[PDB]
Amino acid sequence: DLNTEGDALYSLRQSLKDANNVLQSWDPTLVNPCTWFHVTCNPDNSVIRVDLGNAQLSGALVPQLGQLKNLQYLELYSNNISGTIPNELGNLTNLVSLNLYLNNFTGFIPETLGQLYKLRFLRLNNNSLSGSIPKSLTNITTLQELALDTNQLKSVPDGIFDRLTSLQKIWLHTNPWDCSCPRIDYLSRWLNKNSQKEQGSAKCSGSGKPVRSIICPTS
């Protein structure tokens, strides 16, 4: 009997590159992947977290990774994972923490990420993600820590942070933010009103000014 979770997890092994045989224990012919290293399962023998931080992994992620229904912690930080973030990651309903920082992800941030209504920690920092931040992120009301620094983000949809009443920390620095008025109006005012939330200082592209300092005139 094929475990389906291990099958989905084996699809990830088939595309990644070790180079260290970190995934040597990932044998899908077993009854379940709960005895796999870097993999924890619940008492119902279902994968609830994947810890592959600092494993020197190359390659791209797979759409099969969204098959893990009971996944809570996806730790893929500190690797050389390239390509775009799969939209199927928005299927991870029970995902609490998505750690994808320190990789080489490109493209846009998936709008399907807003379907993660249990997500409390989202770290996509230190990548090459281009703007802008998905509008559906406003639906993640449980979001507490949002790390998006060190990317290529340019803008923000107006009023996106307003429904985020559980937001504690937010990283936005090191990004080519478009500080042209009236586009930067909302982000400038929000970061000023929630300066205790912003970790580091988001700079404006070109001028290098903190966007919190920008005051857009009307007419």
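Heads up: residue numbers just count along the shown sequence, starting at 1.
- As recorded in the PDB entry, 14 to 22 is the stretch of 204 to 212 and 14 to 22 with the greater mean C-alpha temperature factor.
- The mean Cα B-factor in the deposited entry runs higher for 37 to 45 than for the other of 186 to 194 and 37 to 45.
- The entry assigns its greatest Cα B factor, within the set 138, 125, 80, 97, to 80.
- When the C-alpha B-factors of 103, 144, 72, 132 are ranked from the entry, the top spot goes to 132.
- Among all modelled residues in this chain, the alpha-carbon of residue 176 has a temperature factor (C-alpha) in the lowest third.
- When the CA B factors of the chain's modelled residues are split into thirds, the value for residue 50 lands in the lowest one.
- When all modelled residues of the chain are sorted by CA temperature factor, residue 28 is found within the middle third.
- In the deposited entry, the Cα temperature factor of residue 61 places it in the middle third of its chain's modelled residues.
- Sort the chain's modelled residues by C-alpha temperature factor and residue 152 lands in the highest third, per the entry.
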